[PDB]
There are 2 protein chains.
Amino acid sequence: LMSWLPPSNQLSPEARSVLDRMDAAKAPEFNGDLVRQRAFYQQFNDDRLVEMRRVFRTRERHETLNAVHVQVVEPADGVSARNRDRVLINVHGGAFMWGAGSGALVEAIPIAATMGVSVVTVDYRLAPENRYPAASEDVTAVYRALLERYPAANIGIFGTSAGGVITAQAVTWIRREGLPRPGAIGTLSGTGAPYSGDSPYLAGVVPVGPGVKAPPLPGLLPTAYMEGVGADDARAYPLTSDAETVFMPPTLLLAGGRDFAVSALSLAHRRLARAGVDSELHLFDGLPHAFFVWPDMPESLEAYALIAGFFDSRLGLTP
Amino acid sequence: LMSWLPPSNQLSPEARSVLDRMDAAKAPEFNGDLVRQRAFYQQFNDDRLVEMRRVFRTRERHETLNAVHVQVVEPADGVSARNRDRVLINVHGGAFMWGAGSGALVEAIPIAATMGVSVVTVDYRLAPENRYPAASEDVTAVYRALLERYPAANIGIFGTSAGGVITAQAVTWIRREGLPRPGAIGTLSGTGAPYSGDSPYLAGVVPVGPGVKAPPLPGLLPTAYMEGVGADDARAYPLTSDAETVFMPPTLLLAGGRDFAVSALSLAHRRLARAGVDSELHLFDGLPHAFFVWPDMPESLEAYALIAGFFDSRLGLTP
Ligand SMILES: [Cl-]
Ligand SMILES: [Mg+2]
Ligand SMILES: [Mg+2]
Ligand SMILES: [Mg+2]
């Protein structure tokens, strides 16, 4: 549907180049060959990591917190004095099935370097080997460990795509455990809700157009990670639950304008505002899902600055 | 493009009914016949006014402030204690050429009655008989009069469509006059910027699709009101100017998801956030430009509540 439009006239020349490379880099069909699929996205994430290391200077260490593998990503210059008593948890994307290692660094590096903060990126259990709520348990275990060193108000959690879904689910799991809620979250290109509204049609997630009979959208996320979880499970789909929505911490919702998640994120932001939760929504016209894993455009740097700015204004400072 | 989609699955049954009423209310072709066009929209605004008076109980008085005709719109039994020291200025839409009288009450009534506040709706000079900056001068004259009774921090300005554009232009005119900036504004379905990005194509403002050559979009607003004003006039187009944007007050940007203005509002929100201005963006998936002139749907009431809540949180309270 969108292929009939010119590129958004808001875009930098650099973004217009990225969009052509994104389309050219599209995966072939894998037909259930998970090993071939994982190898393709391992290469994709390694390619984006090379681009990140050209732009940003960071140091990464492996750690284990409460039996969960993490990578701790810091600016090579060191964390700023302002951020000495803050930390972010990153939850990587990758369709709930890949993104471990380089995909996690691709999300953590630009935010660690831009904000000047420590980012703990979680190597959570993946589908299809593991199922909901495995990733919630993993992120909550990391969060529990960081509460030994950082006040809850000074901890942020963010993730992109599948990671934005898991970030919202981790919040409800933290509450289920009786832990203090995090200071702020980023649910980027995804949250604790099914895809809905117009954007999945416009992005072609569901086929539509001349002579073509558009089906209703599912009220569940189709991923194997979520199979058999009901739409009524407020911990799994909190941005459809008035109760879990009221308990959300301050939330940043960021998407591309051509991102299949954007209709759901605009509704989530309306629900957070009605519930009295501090939330912020940004849309980058013309850009796709999870666009800011491609760092070679001003729009990605701009996104990193909005993420850094949100955490810098919402997280506590004091030890 | 959008006729191939089902209605957004987020919409209430009432909104799906309003969407069909909107289609039935669409103007026939006028061939530049301004008299016929004005008569058509007079009836359209009178029809929406009947619907407003069914839902909301207000009282309206005519006044003149600094030689500008206004209507003062209040809840029928009086303004709330919360809002005794606050006032909103409304700037009606109508393509800069109509909307005087009933069109202005259609924007003022739901916010007066929802927030429980006095709304002064300005009968500003229209195109093509008047040109930029006539409407800025008119709104600034009203603002200057209200500063005799209300602190600048306690005054909000809002408008829809053409009125959102004029609201942003009135802010720059107020600064030109050496007056204190208003406490907050609402630039709804329009701001001080051309329409841009993807949404003008998806809304069908400009033809796109098989066998059609989609043209580039203009860098100026095409209205007679703005004839001969340059793109480089930062007072006319403040949300395209990094200088005028840093001086903006706290801003609410609200649009339908199918609104031709939505791409421009998402960019204006990014620019306000980078300039450190408090701004809030809401998008109502599946709804068109200026949807909330139709009060008979929960989504309109929800929009009125977001407008009231933005002014309630940003305007001062002190006498
Ligand atoms: Cl916002
Ligand atoms: Mg432990
Ligand atoms: Mg808010
Ligand atoms: Mg803000």
# chains A, B, ... in the order shown; residues from 1 in each chain; ligands from 1
>>> residues_near_ligand(ligand="ligand 2", cutoff="7 Å", atoms="only C-alpha atoms and all ligand atoms", output="short mmCIF file (atom, residue, chain, number, x, y, z; two decimals) with N, CA and C atoms, in the first residue's frame")
data_model
loop_
_atom_site.label_atom_id
_atom_site.label_comp_id
_atom_site.auth_asym_id
_atom_site.auth_seq_id
_atom_site.Cartn_x
_atom_site.Cartn_y
_atom_site.Cartn_z
N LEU A 65 23.50 -11.91 36.53
CA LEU A 65 22.76 -11.37 37.67
C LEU A 65 21.59 -12.30 37.98
N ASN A 66 21.52 -12.81 39.21
CA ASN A 66 20.45 -13.75 39.62
C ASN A 66 20.28 -14.80 38.54
N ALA A 145 18.24 -7.88 41.06
CA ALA A 145 19.69 -7.76 41.36
C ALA A 145 20.10 -6.30 41.37
#
>>> interface_residues(of="chain A", to="chain B", cutoff="8 Å", atoms="only C-alpha atoms", output="PDB file with N, CA and C atoms, in the first residue's frame")
ATOM      1  N   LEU A   1       0.867  -1.227   0.000  1.00  0.00           N
ATOM      2  CA  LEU A   1       0.000   0.000   0.000  1.00  0.00           C
ATOM      3  C   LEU A   1       0.888   1.256   0.000  1.00  0.00           C
ATOM      4  N   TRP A   4       3.092   2.954  -3.175  1.00  0.00           N
ATOM      5  CA  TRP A   4       2.493   3.983  -4.067  1.00  0.00           C
ATOM      6  C   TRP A   4       2.906   5.407  -3.647  1.00  0.00           C
ATOM      7  N   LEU A   5       3.405   5.579  -2.420  1.00  0.00           N
ATOM      8  CA  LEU A   5       3.801   6.935  -1.931  1.00  0.00           C
ATOM      9  C   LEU A   5       5.263   7.151  -2.251  1.00  0.00           C
ATOM     10  N   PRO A   6       5.669   8.430  -2.442  1.00  0.00           N
ATOM     11  CA  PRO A   6       7.056   8.771  -2.377  1.00  0.00           C
ATOM     12  C   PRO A   6       7.571   8.585  -0.952  1.00  0.00           C
ATOM     13  N   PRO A   7       8.887   8.589  -0.783  1.00  0.00           N
ATOM     14  CA  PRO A   7       9.469   8.604   0.555  1.00  0.00           C
ATOM     15  C   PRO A   7       8.895   9.838   1.268  1.00  0.00           C
ATOM     16  N   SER A   8       8.696   9.777   2.587  1.00  0.00           N
ATOM     17  CA  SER A   8       8.228  10.997   3.290  1.00  0.00           C
ATOM     18  C   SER A   8       9.184  12.164   3.016  1.00  0.00           C
ATOM     19  N   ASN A   9       8.593  13.313   2.665  1.00  0.00           N
ATOM     20  CA  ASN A   9       9.422  14.484   2.341  1.00  0.00           C
ATOM     21  C   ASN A   9      10.042  15.104   3.606  1.00  0.00           C
ATOM     22  N   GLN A  10       9.776  14.564   4.796  1.00  0.00           N
ATOM     23  CA  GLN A  10      10.460  14.982   6.025  1.00  0.00           C
ATOM     24  C   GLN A  10      11.846  14.379   6.171  1.00  0.00           C
ATOM     25  N   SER A 196      -3.030  -3.586  16.314  1.00  0.00           N
ATOM     26  CA  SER A 196      -4.431  -3.210  16.101  1.00  0.00           C
ATOM     27  C   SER A 196      -4.505  -2.011  15.151  1.00  0.00           C
ATOM     28  N   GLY A 197      -5.725  -1.603  14.830  1.00  0.00           N
ATOM     29  CA  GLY A 197      -5.939  -0.379  14.051  1.00  0.00           C
ATOM     30  C   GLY A 197      -5.446  -0.459  12.634  1.00  0.00           C
ATOM     31  N   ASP A 198      -5.121   0.676  12.048  1.00  0.00           N
ATOM     32  CA  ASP A 198      -4.840   0.792  10.593  1.00  0.00           C
ATOM     33  C   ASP A 198      -3.449   0.329  10.246  1.00  0.00           C
ATOM     34  N   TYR A 201      -2.320  -2.949   8.440  1.00  0.00           N
ATOM     35  CA  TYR A 201      -2.781  -3.024   7.018  1.00  0.00           C
ATOM     36  C   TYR A 201      -1.833  -2.209   6.182  1.00  0.00           C
ATOM     37  N   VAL A 208      -4.010  -6.452   1.905  1.00  0.00           N
ATOM     38  CA  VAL A 208      -5.228  -5.647   1.591  1.00  0.00           C
ATOM     39  C   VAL A 208      -5.047  -5.076   0.176  1.00  0.00           C
ATOM     40  N   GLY A 209      -6.089  -4.479  -0.408  1.00  0.00           N
ATOM     41  CA  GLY A 209      -5.977  -3.691  -1.652  1.00  0.00           C
ATOM     42  C   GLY A 209      -7.064  -4.057  -2.654  1.00  0.00           C
ATOM     43  N   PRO A 210      -6.959  -3.570  -3.915  1.00  0.00           N
ATOM     44  CA  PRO A 210      -7.950  -3.865  -4.953  1.00  0.00           C
ATOM     45  C   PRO A 210      -8.254  -5.367  -5.053  1.00  0.00           C
ATOM     46  N   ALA A 214      -9.955  -7.913   3.060  1.00  0.00           N
ATOM     47  CA  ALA A 214      -9.117  -7.666   4.260  1.00  0.00           C
ATOM     48  C   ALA A 214      -9.766  -8.362   5.450  1.00  0.00           C
ATOM     49  N   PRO A 216     -10.222  -9.307   9.565  1.00  0.00           N
ATOM     50  CA  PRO A 216     -10.060  -8.641  10.845  1.00  0.00           C
ATOM     51  C   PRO A 216      -8.663  -8.996  11.366  1.00  0.00           C
ATOM     52  N   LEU A 217      -8.154  -8.186  12.287  1.00  0.00           N
ATOM     53  CA  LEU A 217      -6.830  -8.447  12.879  1.00  0.00           C
ATOM     54  C   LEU A 217      -7.050  -9.324  14.095  1.00  0.00           C
ATOM     55  N   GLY A 257       6.592   6.115  11.570  1.00  0.00           N
ATOM     56  CA  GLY A 257       5.261   6.411  11.053  1.00  0.00           C
ATOM     57  C   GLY A 257       4.686   5.305  10.208  1.00  0.00           C
ATOM     58  N   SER A 263      -0.324   2.224  15.323  1.00  0.00           N
ATOM     59  CA  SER A 263      -1.725   2.397  15.750  1.00  0.00           C
ATOM     60  C   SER A 263      -1.907   1.896  17.187  1.00  0.00           C
ATOM     61  N   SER A 266      -0.377   4.477  19.621  1.00  0.00           N
ATOM     62  CA  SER A 266      -1.190   5.668  19.826  1.00  0.00           C
ATOM     63  C   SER A 266      -2.346   5.379  20.761  1.00  0.00           C
ATOM     64  N   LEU A 267      -2.981   4.202  20.683  1.00  0.00           N
ATOM     65  CA  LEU A 267      -4.037   3.837  21.608  1.00  0.00           C
ATOM     66  C   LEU A 267      -3.481   3.654  23.002  1.00  0.00           C
ATOM     67  N   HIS A 269      -0.976   5.107  24.370  1.00  0.00           N
ATOM     68  CA  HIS A 269      -0.709   6.464  24.896  1.00  0.00           C
ATOM     69  C   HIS A 269      -2.007   7.144  25.338  1.00  0.00           C
ATOM     70  N   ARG A 270      -3.077   7.030  24.567  1.00  0.00           N
ATOM     71  CA  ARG A 270      -4.390   7.539  25.012  1.00  0.00           C
ATOM     72  C   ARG A 270      -4.814   6.874  26.327  1.00  0.00           C
ATOM     73  N   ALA A 273      -2.700   8.148  29.264  1.00  0.00           N
ATOM     74  CA  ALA A 273      -3.077   9.537  29.620  1.00  0.00           C
ATOM     75  C   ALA A 273      -4.371   9.508  30.415  1.00  0.00           C
ATOM     76  N   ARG A 274      -5.360   8.729  29.999  1.00  0.00           N
ATOM     77  CA  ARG A 274      -6.653   8.631  30.744  1.00  0.00           C
ATOM     78  C   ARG A 274      -6.367   8.071  32.140  1.00  0.00           C
ATOM     79  N   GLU A 280       4.768   9.704  26.920  1.00  0.00           N
ATOM     80  CA  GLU A 280       5.251  10.559  25.819  1.00  0.00           C
ATOM     81  C   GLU A 280       5.241   9.683  24.576  1.00  0.00           C
ATOM     82  N   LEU A 281       4.718  10.146  23.464  1.00  0.00           N
ATOM     83  CA  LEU A 281       4.630   9.407  22.182  1.00  0.00           C
ATOM     84  C   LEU A 281       5.407  10.210  21.136  1.00  0.00           C
ATOM     85  N   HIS A 282       6.285   9.547  20.396  1.00  0.00           N
ATOM     86  CA  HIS A 282       6.889  10.157  19.214  1.00  0.00           C
ATOM     87  C   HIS A 282       6.763   9.250  18.017  1.00  0.00           C
ATOM     88  N   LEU A 283       6.514   9.845  16.874  1.00  0.00           N
ATOM     89  CA  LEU A 283       6.386   9.123  15.607  1.00  0.00           C
ATOM     90  C   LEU A 283       7.329   9.769  14.614  1.00  0.00           C
ATOM     91  N   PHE A 284       8.105   8.963  13.920  1.00  0.00           N
ATOM     92  CA  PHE A 284       9.037   9.451  12.889  1.00  0.00           C
ATOM     93  C   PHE A 284       8.454   9.178  11.511  1.00  0.00           C
ATOM     94  N   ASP A 285       7.845  10.168  10.894  1.00  0.00           N
ATOM     95  CA  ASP A 285       7.092   9.947   9.650  1.00  0.00           C
ATOM     96  C   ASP A 285       8.009   9.303   8.606  1.00  0.00           C
ATOM     97  N   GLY A 286       7.445   8.299   7.922  1.00  0.00           N
ATOM     98  CA  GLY A 286       8.103   7.658   6.760  1.00  0.00           C
ATOM     99  C   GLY A 286       8.998   6.492   7.112  1.00  0.00           C
ATOM    100  N   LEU A 306      15.844  11.443  22.090  1.00  0.00           N
ATOM    101  CA  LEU A 306      14.516  11.476  22.768  1.00  0.00           C
ATOM    102  C   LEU A 306      14.520  10.421  23.870  1.00  0.00           C
TER     103      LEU A 306
END
>>> closest_residue(among="A:82, A:69, A:26, A:92", to="residue 142 of chain A", atoms="only C-alpha atoms")
A:69
>>> select_by_dssp(residues="segment 179-263 of chain B", states="helix (DSSP H, G or I)", output="tab-separated table (two decimals) with N, CA, C and O atoms, in the first residue's frame")
chain	number	residue	atom	x	y	z
B	199	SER	N	0.92	11.56	5.44
B	199	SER	CA	-0.52	11.63	5.70
B	199	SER	C	-1.32	12.39	4.63
B	199	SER	O	-2.48	12.02	4.40
B	200	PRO	N	-0.77	13.41	3.90
B	200	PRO	CA	-1.60	14.08	2.88
B	200	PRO	C	-1.95	13.11	1.73
B	200	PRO	O	-3.07	13.18	1.22
B	201	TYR	N	-1.06	12.19	1.47
B	201	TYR	CA	-1.30	11.15	0.43
B	201	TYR	C	-2.31	10.13	0.93
B	201	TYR	O	-3.25	9.80	0.23
B	202	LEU	N	-2.13	9.64	2.16
B	202	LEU	CA	-3.05	8.61	2.68
B	202	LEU	C	-4.45	9.17	2.85
B	202	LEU	O	-5.45	8.41	2.73
B	224	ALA	N	-5.45	31.13	0.24
B	224	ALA	CA	-5.44	32.57	-0.08
B	224	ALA	C	-4.97	33.39	1.11
B	224	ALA	O	-4.33	34.46	0.99
B	225	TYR	N	-5.28	32.94	2.34
B	225	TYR	CA	-4.88	33.72	3.52
B	225	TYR	C	-3.39	33.98	3.57
B	225	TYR	O	-2.87	34.98	4.11
B	226	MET	N	-2.62	32.98	3.09
B	226	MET	CA	-1.14	32.96	3.16
B	226	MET	C	-0.50	33.34	1.80
B	226	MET	O	0.74	33.25	1.76
B	238	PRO	N	6.15	29.09	12.29
B	238	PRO	CA	7.06	28.97	13.39
B	238	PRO	C	7.57	27.55	13.64
B	238	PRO	O	8.64	27.33	14.18
B	239	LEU	N	6.73	26.54	13.32
B	239	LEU	CA	7.12	25.15	13.66
B	239	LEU	C	8.10	24.59	12.61
B	239	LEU	O	8.52	23.45	12.78
B	240	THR	N	8.50	25.42	11.65
B	240	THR	CA	9.58	25.08	10.69
B	240	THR	C	10.86	25.81	11.07
B	240	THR	O	11.83	25.51	10.36
B	242	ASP	N	13.73	26.76	13.96
B	242	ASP	CA	14.30	26.34	15.27
B	242	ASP	C	14.21	27.51	16.25
B	242	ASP	O	13.85	27.25	17.42
B	243	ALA	N	14.35	28.75	15.80
B	243	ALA	CA	14.26	29.95	16.67
B	243	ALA	C	12.85	30.12	17.25
B	243	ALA	O	12.73	30.20	18.49
B	244	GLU	N	11.82	30.21	16.40
B	244	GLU	CA	10.45	30.44	16.91
B	244	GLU	C	10.07	29.21	17.77
B	244	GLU	O	9.38	29.39	18.75
B	245	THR	N	10.53	28.01	17.41
B	245	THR	CA	10.07	26.81	18.16
B	245	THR	C	10.57	26.85	19.62
B	245	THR	O	9.80	26.55	20.53
B	246	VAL	N	11.80	27.31	19.89
B	246	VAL	CA	12.33	27.35	21.26
B	246	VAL	C	11.50	28.28	22.18
B	246	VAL	O	11.45	28.04	23.38
B	262	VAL	N	-1.53	14.92	10.24
B	262	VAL	CA	-0.90	14.15	11.33
B	262	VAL	C	0.63	14.05	11.15
B	262	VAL	O	1.39	14.19	12.11
B	263	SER	N	1.13	13.89	9.91
B	263	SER	CA	2.59	13.75	9.69
B	263	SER	C	3.28	15.06	10.12
B	263	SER	O	4.30	15.05	10.80
>>> residues_around(residues="residue 186 of chain A", least_positions_apart="5", cutoff="9 Å", atoms="only C-alpha atoms", output="ChimeraX atom specification")
/A:156-160,164,167-168,191,250-254,307,310-311
>>> select_by_dssp(residues="segment 154-234 of chain B", states="strand (DSSP E)", output="JSON, numbers by chain")
{"B": [155, 156, 157, 158, 159, 160, 184, 185, 186, 187, 188]}
>>> write_last_selection(atoms="C-alpha atoms", output="PDB file, in the first residue's frame")
ATOM      1  CA  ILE B 155      -4.405  31.845  29.544  1.00  0.00           C
ATOM      2  CA  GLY B 156      -4.537  29.061  26.969  1.00  0.00           C
ATOM      3  CA  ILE B 157      -5.093  29.423  23.199  1.00  0.00           C
ATOM      4  CA  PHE B 158      -6.395  26.569  21.044  1.00  0.00           C
ATOM      5  CA  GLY B 159      -7.894  26.003  17.614  1.00  0.00           C
ATOM      6  CA  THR B 160      -8.588  23.252  15.073  1.00  0.00           C
ATOM      7  CA  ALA B 184      -0.242  26.787  26.955  1.00  0.00           C
ATOM      8  CA  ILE B 185      -1.649  26.202  23.464  1.00  0.00           C
ATOM      9  CA  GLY B 186      -3.534  23.568  21.550  1.00  0.00           C
ATOM     10  CA  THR B 187      -2.628  23.265  17.828  1.00  0.00           C
ATOM     11  CA  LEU B 188      -5.254  20.651  16.862  1.00  0.00           C
TER      12      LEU B 188
END
>>> closest_residue(among="B:105, B:112, B:81, B:277", to="ligand 4", atoms="only C-alpha atoms and all ligand atoms")
B:277
>>> atom_distance(atom1="atom CA of residue 260 of chain B", atom2="atom CA of residue 204 of chain B")
8.0 Å
>>> residues_around(residues="residue 49 of chain A", least_positions_apart="6", cutoff="9 Å", atoms="only C-alpha atoms", output="number ranges by chain")
A: 102-103, 105-106, 109, 293
>>> write_last_selection(atoms="N, CA, C and O atoms", output="short mmCIF file (atom, residue, chain, number, x, y, z; two decimals), in the first residue's frame")
data_model
loop_
_atom_site.label_atom_id
_atom_site.label_comp_id
_atom_site.auth_asym_id
_atom_site.auth_seq_id
_atom_site.Cartn_x
_atom_site.Cartn_y
_atom_site.Cartn_z
N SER A 102 24.68 -9.76 19.58
CA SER A 102 24.87 -8.52 18.78
C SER A 102 23.57 -7.70 18.71
O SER A 102 23.66 -6.47 18.73
N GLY A 103 22.40 -8.32 18.58
CA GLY A 103 21.13 -7.55 18.51
C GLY A 103 20.90 -6.79 19.80
O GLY A 103 20.39 -5.63 19.74
N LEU A 105 23.38 -5.69 21.82
CA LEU A 105 24.34 -4.54 21.78
C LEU A 105 23.85 -3.47 20.83
O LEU A 105 24.08 -2.25 21.13
N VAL A 106 23.24 -3.80 19.72
CA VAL A 106 22.73 -2.82 18.74
C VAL A 106 21.71 -1.90 19.45
O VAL A 106 21.66 -0.72 19.12
N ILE A 109 24.06 -0.02 22.86
CA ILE A 109 25.22 0.89 22.58
C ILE A 109 24.74 2.32 22.37
O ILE A 109 25.31 3.23 23.00
N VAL A 293 17.64 0.85 14.70
CA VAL A 293 18.78 -0.11 14.70
C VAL A 293 19.73 0.21 13.55
O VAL A 293 20.85 -0.36 13.56
#
>>> residues_around(residues="residue 41 of chain A", least_positions_apart="5", cutoff="9 Å", atoms="only C-alpha atoms", output="ChimeraX atom specification")
/A:27,36,46,94,98-99,103
>>> closest_residue(among="B:54, B:21, B:235, B:48", to="residue 104 of chain B", atoms="only C-alpha atoms")
B:48
>>> atom_distance(atom1="atom CA of residue 68 of chain B", atom2="atom CA of residue 189 of chain B")
24.9 Å
